[PDB]
Every structure is written in structure tokens, then in C-alpha cells.
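One chain follows as C-alpha cells, the form deposited in one PDB entry.
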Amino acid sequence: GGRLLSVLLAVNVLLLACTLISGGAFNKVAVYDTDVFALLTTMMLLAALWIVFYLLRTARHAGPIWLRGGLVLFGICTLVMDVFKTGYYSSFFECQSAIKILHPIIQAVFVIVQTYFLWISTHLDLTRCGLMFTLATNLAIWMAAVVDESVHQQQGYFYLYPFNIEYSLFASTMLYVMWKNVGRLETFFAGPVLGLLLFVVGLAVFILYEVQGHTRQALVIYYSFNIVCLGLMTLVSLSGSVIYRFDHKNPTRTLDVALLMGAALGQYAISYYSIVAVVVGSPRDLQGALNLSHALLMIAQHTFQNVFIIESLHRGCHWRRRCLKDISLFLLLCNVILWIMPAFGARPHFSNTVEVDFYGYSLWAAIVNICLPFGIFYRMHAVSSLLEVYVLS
């Protein structure tokens, strides 16, 4: 009853959808997508109709602030992909099912209505069930999108990545936040300069080799920047912690702590999978050494940055405050540049040749499509938390 009644509906609805998505994709007789698209369209239709009904009856603690920006950005990218899908599937209809053209139209409506509904965020019991059903709708969409990339391998621009995984993650987090609240009662000129330099070098590395085989030098450049970037934050964040050593009536920021370590778990899994794939696999060559160092540095960077940020938030000589400004700002700028790759780069990175060979394309694509989008969550929260730290001290 009440809150638990809505939760039980969601898991039962999610379990039903997940079985149909997984069963229809991982069976041996044939691969079914029209049924899966028919399923997703039905869930989106009901979810949109509850939201539309909710908006009309309402038009008469909020969680992270970066959540709304990510939802709109990834919602727009989904809309562009949904607009391109209707344009392509409308040129020919004689050789394609109706569900394949009706699905993008419904998805575009669902994204538009849900994004507006979440942006501006009685039967509190109906509201909870409707929110829980929509949360399961996005998680059902998230699983189908993840499965789609795994099973793989006029405009005609099919290269457009459907940002369904990222949009569903942002929507599901925002839907849960709303549901929980239903019925609630100077500068040393060393860090900023270095941080800006890595931002430009990192931005160039994304455009040249990450937007879309490649060359040996291109692979070394990507690893060289990442190793330098991750290594510098690990040293800088470690420096930040030892400064706190040479120096309480507030409560623990459980949400901030949980988000930092929780969202870092995605990159931990990527690193853990990478390490085994190099220890066994790559024949101790240059790429393996670079892969091993990059994977270890991600673990180290995430660990030490999280320690520095968590201690900095809870506490709340002139150089001490001055040095902490560049340390926070250098970590902020480096976190921003490392956010673009998990956000707009091809999930199976061209640098993951060793990983793809070890696990297979389908398994590795599943791993990155599940784990990398959580890196997005981590980078925004790291930037937002570092912004508060820099503003604070």
C-alpha cells in the first residue's frame, strides 16, 4: 500500500519488459524487434498519457542541479535521432513494418512531454504509481537500447547515436527523485593555466579520433593525454588531501558521498575488465602497457579525487586557501574535459582493440554501454561538488 504499492508495480512491470527484451534478443530461433518496439511504444504511450493527464490536473530535496541540464541535452539528442528516424522510415513503407515508423513518432512525443514534465518539477497514490510506471518505462527503454548496441556486429544518416541510454538514465534518476518527494513534509596561476591547457589538448583529441580503424600515433596520443590528465589529478587530489592533514557539527552529505562512489563504479568496472584483458591477452606490448596504466590511473584518479572532494565538503596561512582554489579549479577543468568522451564518443573506443578481442564485440559493447554512461553522472557531480568546494574554500 501507498509507497510500496507503486514500487511493487514498477518492478513487476520492469521485470515483464526486461524478459521480453532479453528473451526476444538472446534466443536462437530468431531475433524479434518489432515486438520489442511494439512493447516500448505501449509503455511510452501509457507513460505519456499519465503525464499529460497529470499536467492538466496540476497546471491549475530536488536532487542534483546538473540533472536537469543533462536531461534536456540528452533529450534533445534523442529528438534529433527520432526526427531522423521518421524521415528515413517515411520515404519507404512498402518494405518495412508500421511499428518501425510509429515508434519514433511516439518516442519523440514521449521525450518532449517527459522532458517538459521533469523540467517544471492530487491522488498522491495515483501520482506515485504513475511516476513508478514511467520510471520502469525509462529503464525498459534503457535496457532495450543497451541490448541494441550489443547485438550489432535522402538523409541515410544512421550513424546518429541514439542517446537513449543516457536520456533514460537521467530521466529515471529524476523520476525517482520526484517520486521520493511526493507528499513530503585568490589564485596561484598554476592550476587554472594547467587545467585550461589540458582542456584544449583533450578537446582536440576528442574531435580528431573520438567523434567517429586509426593509426598507431593516434592511439598513443589518446593514451598520452589520458595518462597525463589522470596522473595529474591523482597527484593534485592527493596534494589536496595532505593539505587538509596540516590543519564537525554538520551532517554527512550521504547523497553527495553516495553519488561520488556510486557513479564511479562504472569506470571501476571498465578498468577492472580492462586490466584482466591486458594481464591475459595483450602480449606485453606498448598498447598493453598504456592500457594497463590508463586503467590503473582511472582507479587511482577516481579513488583519490573522491577522497579529496568528500573531505572538502564536510569540513566546510593565506597560501592554504589560495592553493586550494587552484587545486579545486584544476580538478574542475580536468573533470569537464574527461566528461565529453563518456558523453559523445563512440562507446567501443578505438583504443579498446585489446578489450574487444578478449571479450568479443558484443560483450564489450554491452559493458561500455552500461558502465560508461554512469561516468557522465560522476563527471557532472564531480564538477558541481568541486564548484561548491572552490566557492566554499
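When you see a residue number, it is the position in the sequence shown, counting from 1. C-alpha atoms forming the largest set that superposes within 1.5 Å between two forms make up the rigid core.
One more form of this protein should be noted, the form deposited in another entry, which is absent from this view; the next part is about it.
Once the two forms are fitted on their rigid core, between this form and the one not shown the CA displacement reaches 2 Å or more only for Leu160 among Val193, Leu265, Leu160, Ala108. When two forms of a protein are overlaid on their rigid core, residues whose CA moves 2 Å or more are considered shifted, and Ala346 is one of them between this form and the one not shown. One change in the other entry concerns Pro162 and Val109, whose Cα atoms lie at least 3 Å farther apart than in this form.
Whereas the displayed form keeps them at a certain spacing, the CA atoms of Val146 and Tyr161 lie at least 3 angstroms closer in the other entry.
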